[PDB]
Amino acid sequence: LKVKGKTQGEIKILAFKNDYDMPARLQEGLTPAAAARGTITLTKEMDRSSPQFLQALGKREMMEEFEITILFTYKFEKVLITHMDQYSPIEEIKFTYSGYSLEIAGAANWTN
């Protein structure tokens, strides 16, 4: 994960479960992006970014860069932290996104 917040700037352990959903029946006049839901859930331990992600989650801070190499592979736009579980004997950060790219390279709802 290379991650940078709108506010907190750059934030410094292998996530990750990528979930994407699209209804078979598209609402009349609805954009595919609005009908779809993209969510990637990252699991990792707890350290210096934990308070940074937890602040972003409560303040609705946008991720300025969200790039997952798996220079990378997954790149996500309009990233918003939507859920987090911190616990003990790990945390699980669930992100919501709009545009995405996987690298043949695929991309949808991307923005220049």
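Each residue number is its position in the shown sequence, starting from 1.
> Looking at the deposited sequence, how many residues between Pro89 and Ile90 were given no coordinates in the entry: none, 1 to 3, 4 to 9, or 10 or more?
Gap size class: 10 or more residues without coordinates, per the record.
> Classify the number of deposited-sequence residues missing from the model between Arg25 and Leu26: none, 1 to 3, 4 to 9, or 10 or more.
Missing residues, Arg25 to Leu26: none.
> Per the record, averaged over C-alpha atoms, which has the higher B-factor: 77 to 85 or 47 to 55?
Mean B over CA atoms: larger for 77 to 85.
> When the C-alpha temperature factors are averaged for each of 36 to 44 and 60 to 68, which stretch ends up with the higher value in the entry?
Higher mean C-alpha B-factor: 60 to 68.
> Just to confirm, going by the entry's C-alpha B-factors, which of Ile11, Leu102, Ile13, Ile93 comes out highest?
That would be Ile13.
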